[PDB]
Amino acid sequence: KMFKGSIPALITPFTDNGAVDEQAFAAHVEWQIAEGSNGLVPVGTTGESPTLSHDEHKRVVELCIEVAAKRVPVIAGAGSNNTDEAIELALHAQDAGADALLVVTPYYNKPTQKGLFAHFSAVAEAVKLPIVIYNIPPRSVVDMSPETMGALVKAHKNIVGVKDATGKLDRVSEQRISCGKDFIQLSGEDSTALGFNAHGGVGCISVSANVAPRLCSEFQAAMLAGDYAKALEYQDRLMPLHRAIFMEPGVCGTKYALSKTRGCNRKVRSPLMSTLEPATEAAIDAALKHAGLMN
């Protein structure tokens, strides 16, 4: 009920000097809801969580909750490779009034499966909010196995879902076995959200939704209805965009696309770049025209 459909991994707009642009962020969230987004993820990876201060992280979560006004669930990014920091970020989001938590697998320090279990257990015990595990080997290197995931689901009632960015669709099937058919599985990959739902997924936490919220929402709606022929038609319309925004970092592809369609600021924080290669920008332009978002 809460975790379904098209859920944007919201960008964090900045002003020219790199400061958080609260006006632009609020306007983006308002527009997302109006266009049919089924949920919101503030201050995740695509919201540039790595370069935000604790105060900025807190404020954007609070602002997202305020703008949403209980219309759609707010699933706050509360990730860290430091368990104590993850708990600290999780507790704030609970106090601020978030509906759920998105918790990434620890990156860089490369814990064991038992370390992953201990990390997520400690977060789950510290809060009452529902938790969605964010398994992303392409970023974190480590990979939570279906066995570890199943163990966490059994041990903690508030571990309710996964944002699965493995890109291995057989993992959805394996997770159905280890975690149950009721376990909430959301795609962490825009380009395979289609196949992901065919395997049992019920939505996607999406980067592309930042650019094309209506099309992404209708795409997800088609799959919920069991209309996969229509879903494939949406894939035909959207795939060039999915591909183009990820030629370089998704944050930067997304902010470029929105700079063209909506006059959004391209500013990001280092080590991300406010610029893109010409072939990337050309592909994004062509993809926007193909999707009907530009002329």
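Note that residue numbering follows the sequence shown and begins at 1.
Engineer: Between 215 to 223 and 87 to 95, name whichever shows the higher mean Cα B factor according to the PDB entry.
Structural biologist: Comparing 215 to 223 with 87 to 95, the higher average CA B-factor belongs to 87 to 95.
Engineer: So 160 to 168 or 69 to 77, which one's hotter by mean CA B-factor in the entry?
Structural biologist: According to the entry, 69 to 77 carries the higher average C-alpha B-factor.
Engineer: Please work out which residue in 286, 19, 10, 279 has the highest C-alpha B-factor recorded for this crystal structure.
Structural biologist: Within the set 286, 19, 10, 279, 19 shows the top C-alpha B-factor.
Engineer: Based on the PDB record, which member of 232, 29, 252, 244 exhibits the highest Cα temperature factor?
Structural biologist: Answer, based on the entry's C-alpha B-factors: 29.
Engineer: Would you please rank residue 198 by its C-alpha temperature factor against the other modelled residues of its chain and give the third it falls in: lowest, middle or highest?
Structural biologist: Bottom third by C-alpha B-factor.
Engineer: Would the CA B-factor of residue 126 place it in the lowest, middle or highest third of its chain?
Structural biologist: Residue 126: CA B-factor falls in the highest third of its chain.
Engineer: Looking at the temperature factor on the CA atom of residue 181, which third of the chain's modelled residues does it land in?
Structural biologist: For residue 181, whose C-alpha B-factor we compare with every modelled residue in the chain, the answer is the highest third.
Engineer: Could you tell me which third, lowest, middle or highest, the C-alpha B-factor of residue 154 occupies within its chain?
Structural biologist: For residue 154, whose C-alpha B-factor we compare with every modelled residue in the chain, the answer is the highest third.
Engineer: Going by the recorded CA B-factors, say which third of the chain residue 44 sits in, lowest, middle or highest.
Structural biologist: Residue 44: CA B-factor falls in the middle third of its chain.
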